[PDB]
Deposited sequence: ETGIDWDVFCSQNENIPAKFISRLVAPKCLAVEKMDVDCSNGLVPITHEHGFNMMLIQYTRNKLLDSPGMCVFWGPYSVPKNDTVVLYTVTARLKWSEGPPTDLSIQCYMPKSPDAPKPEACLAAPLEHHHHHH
């Protein structure tokens, strides 16, 4: 179908880059982001989108997609997961559901005693 990848940053202040190529002779695409359902048009050939790690703010770029998350993950307590999903509806074909995921390292802060003690 589409040849796509997501390129995750090493810093929450640098957005992730989603890059997709449609090589074919896509009715619509919608990305389920923490700031809303963001519509994307998949033109033939190269397509790009930024995905922001930090929270939705007033003066962000119009049309920005903010990740859901952060999420804790098993077997690594020092990293968090950010994710969105996208649905592609094709002409007469079945829909495609994409998982767009990026891992970001935690700040390695020393733990502190539980307040209730």
*So which bits of the deposited sequence did not make it into the model?*
1-2, 28-31, 124-134
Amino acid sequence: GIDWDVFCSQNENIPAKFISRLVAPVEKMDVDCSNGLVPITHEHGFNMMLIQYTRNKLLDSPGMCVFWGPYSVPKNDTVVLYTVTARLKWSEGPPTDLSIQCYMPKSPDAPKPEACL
From here on, numbers count along this sequence of modelled residues.
_Mean C-alpha temperature factor, higher of 39-47 and 64-72_ = 39-47
*Mean temperature factor over C-alpha atoms, higher-scoring stretch between 8-16 and 101-109*: 101-109
*Report the option among 52, 78, 91, 34 whose CA atom has the maximum B-factor in the deposited record.*
91
_Third of the chain, ranked by Cα B-factor, where residue 84 sits_ = lowest
